[PDB]
Structure formats: structure tokens, C-alpha cells
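Next comes just one chain, in C-alpha cells: the form deposited without the ligand.
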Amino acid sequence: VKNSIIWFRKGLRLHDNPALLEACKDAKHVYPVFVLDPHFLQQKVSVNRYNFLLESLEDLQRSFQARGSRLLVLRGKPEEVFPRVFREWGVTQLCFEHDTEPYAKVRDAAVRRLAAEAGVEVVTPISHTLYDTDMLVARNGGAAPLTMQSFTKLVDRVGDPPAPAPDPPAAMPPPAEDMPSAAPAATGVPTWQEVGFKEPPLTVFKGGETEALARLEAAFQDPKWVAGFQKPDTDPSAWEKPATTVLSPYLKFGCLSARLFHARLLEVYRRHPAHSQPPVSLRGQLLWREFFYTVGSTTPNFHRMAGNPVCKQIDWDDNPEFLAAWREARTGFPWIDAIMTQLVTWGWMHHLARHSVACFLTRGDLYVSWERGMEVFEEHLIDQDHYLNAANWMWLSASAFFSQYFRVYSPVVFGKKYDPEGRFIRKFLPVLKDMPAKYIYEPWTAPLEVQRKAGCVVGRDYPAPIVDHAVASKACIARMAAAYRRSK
């Protein structure tokens, strides 16, 4: 008989899951498995992103149960767990979605070796990206493109992505009964308290395939908005209704299929001929994700500066003081502190909000290494993606892909163009809620009598600015210019 395992790591969904469809074909029993490490926080990760993962597992649990099955959350390391379950469950096939991350390549190579020793077939379809990224590299002469223009030119020569896979059957082969490793008390989805977190999550975005498909439909309620979408023209200060789709954490964990997203965009584009084109269009935003996945997977040390052949070697500063202020939302610039507060409370910010805090910390004002700011983003973001966090930090620090270091965002004027009353600032910085709009972006300039009336004395209830942007930006621009010549 055929007994199969469908191993979830990413791709936490039932729709467009060819690994799940292969595991179900002719199978007597299917074991849907996610492997959890209960010594993780005993080593980093915020409760916001970890609870997002737990909610996504609870959604899969309810989906498998509605189909007569059950999700199995196995504790331990896959190298130790899978050899045990292969013999206990009589496994003949193991299926999981391909993953191009560095740790995944080393982990999956070991499990593939263990499956071969136990006579288990391994099926690893590609479904996290739009295309087989290795095929895109092979079709471009054996190397990845380093510009969005050349990459968009390649995918148009390749053609459309594969269509999304069909839905799984309405009834699934359940896991076998009375199997000791599949006991319900040891395979259940844990809460955020049981894993060791103390403070509760504060984000407003709930995990799961159900939420992802609901938010996908909500975005497609207005086909004109989708068709004319232009990323640079979107409002970073909108928080009651964000200006972009906010599908990033669902695409990160695989709660939503990029191939399904893409297929729904093409349905709309065929009916709106004046639709926006890449790179600013919504399809172009998926292509940004595909571009960085393709470059990073084929580039060694993509997340670091040393040994990264695409990243410029800049003599970034070792300033723990400046980093702490940026990390703790106490820079003295309300626009920057408000965004850093949205980071630790929501785990998500608009792309141009991320631009402001990243430029400020790196090539704009503080001259702290982009790896340091990434580490802070890797902790709090709920859409934290290995390759995407990297390339955008190297972009904003002007270490790769981007080189216009004379373009420096002002931590005062940038948000004032979108939100002159400071609506966004008052929401995430309630200490400045009574400050008149004329000073809310520059509270140190307000008369003391205005500061006392508004109940916000600079240096007592809100800190003075850590740097003079005019002086700090001039120094940073000169150091970047001198670094671009010694790089040759």
C-alpha cells in the first residue's frame, strides 16, 4: 500500500499545492506534517511572527479536519524525527515544496539521504516562486540577471508562469489510527504561551490560508484599482486602510500562492488594456520578489557583506548608541519613531515607510551597517523573508542594485507630503497627539509654551533629535562618494 507524508515548511495552504496532490494520489494514508523545534527561543523572533505561524497552522488544521484528516505538528529536528516515522507509518513517498534558502538546501539534502536509506520516494515540486528559478538562470546563459529590466525581459521570453494546481479532493486519506508518534496530545498546534513567549502579540494581521484568500478577494473588489496600480505613487502614511495589498506575510509563509495571485492579475489585465506595466504594476511587484529570489539563491553569502560578490564593501560604523536609538524608536524625529513603532506593534510597514527608516540608519544619517538594521527587521517583521529583507537593505544602503547615494530622504519633509496633519504620527506616537500640525514633524522647533500646552516637552516626554539631518546627511554622502571610488 502507499503511505505518504506531506511535509509543510512553507506552502502552508491547500490550494495550488502539487506536493499535496502527489501525496494523495492512490494513497491509503496521508500524514500531513509540520516539524517544530521546541528549543527555539532557548537559543531573534518576535511573538508577532511566531503567532502568525501558529495561526496559519490552526487554519491548516481546520482544513484537514473538514476533509476527514488531521495536521500533525511533530516536535524535534527533522533529521531525528523522519527516520522514526518512516518505519512506524510504513512510508513509501515523501512530498514537500522546494525551498531555495541556504539552511533549507542543507536540511533537505539530509532528509533526502535518510529517505533513500528507508526506500522512500521524494517528490519536490516548485510552487513557492512563479517559475523554476534554476530554469530562469539556465535560460539566461547560466547566470542570473542583475537588473529588473533584463529580468523582466527574460520572463517575457520564457512566457507565462505555470497555472495554479487544482484543488485537493474533498476527502483525504486520514493518518492511520493508534500510531504512537501521531498521538493527538503530542501533535497538537501549541499556543504562543506554551512555546515560552511572555508578552502577547499586538499585530492586526491574522495568519492562515483562509485570511489570505479573503484579503486577495478584497483587493480584487475594485479591478480598476488593481489595473492602474503604481507602487511609487502609493501612500506610506495610510494605516486605517493600507495603500498596498498587505499580502507579504501570506506570500512569505505560503498561505497564498504567487501563481494564483499572478493568474488573477492576468484575468484583470485582459479586460483593462491600459493597465500598468512592470516594474510599478502589481504584477511587477511579484516580479521583484522573483528577481531577488533568483539572484539570491544563486549568489553565495547573499545575506552578508563579506564574501558577497554583489555587495559593495563599505566601512560602516560601529555605533551601538545610534543603533539603540533607531531600534527603540527614540531618534527625535517623529516620522522615524512612528514607523519603528509600527514595526514592533504590527510587524508590517508600507514599502516607502521601510525606505525612510532604512535610509536614515544606513547611508542617510547614522551610517550604521545595513546588516544591523536587517537583524532588527528579521526579529519584528511578520513578512520576514531571507532574500527579500537582504536585497532591499542592500538597495537602500546603496550597496547593490542601487547606486544613487545623492538621493537622501528627509526625515521631516517625506511624510509631510502625504500626511501634513500628522495623522500617522499621532496614532503610533500618542505623546504627540496634542501637538499642532505645524510642529509635529519638528517638535523641537515649537515654542516651549506650545510644548507645555500640548503636554509634550522635548527632552522630557519626547527626545530631542539625535542628529542634525543637514549635517549628518552631508557627512554620509561624502563618505559614500569616497567609498565608490576606492571600490573601483
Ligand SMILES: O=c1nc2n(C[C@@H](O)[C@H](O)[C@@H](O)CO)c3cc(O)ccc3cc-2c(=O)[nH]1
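Position 1 is the first residue in the sequence shown; the rest follow in order. Only residues modelled in both forms are compared. C-alpha atoms forming the largest set that superposes within 1.5 Å between two forms make up the rigid core.
The following text describes the form deposited with the ligand bound, which does not appear among the structures shown.
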property: is_contact(residue 107, the ligand) in the entry with it bound, heavy atom dist at most 4.5 Å; result: yes
property: Close approach of residue 426 to the ligand in the entry with it bound, 4.5 Å, heavy atom; result: no
property: Residue 446: touches the ligand in the entry with it bound, heavy atom cutoff 4.5 angstroms; result: no
property: Touches the ligand in the entry with it bound: residue 103 (any heavy atom, 4.5 Å); result: yes
property: All of 35, 45 and 384 with a heavy atom within 4.5 Å of the ligand in the entry with it bound; result: yes
property: In the entry with it bound, the residue from 469, 15, 9, 479 that sits within 4.5 Å of the ligand by heavy atoms; result: 9
property: Residue among 259, 363, 380, 252 with a heavy atom within 4.5 Å of the ligand in the entry with it bound; result: 252
property: Residue stretch of 415-423, 436-444, 48-56, 24-32 approaching the ligand in the entry with it bound, non-hydrogen atom distance within 4.5 Å; result: 48-56
property: Residues from 231-247 in contact with the ligand (non-hydrogen atom within 4.5 Å) in the entry with it bound; result: none
property: Sole residue of 420, 38, 68, 430 shifting 2 angstroms or more in CA between this form and the one not shown, core aligned; result: 38
property: Change in CA distance between residue 184 and residue 38 in the entry with it bound, which is 3 Å or more, as closer or farther; result: farther
property: Consecutive stretches, 3 or more residues long, displaced between this form and the one not shown (C-alpha shift of at least 2 Å once the core is aligned); result: 37-43
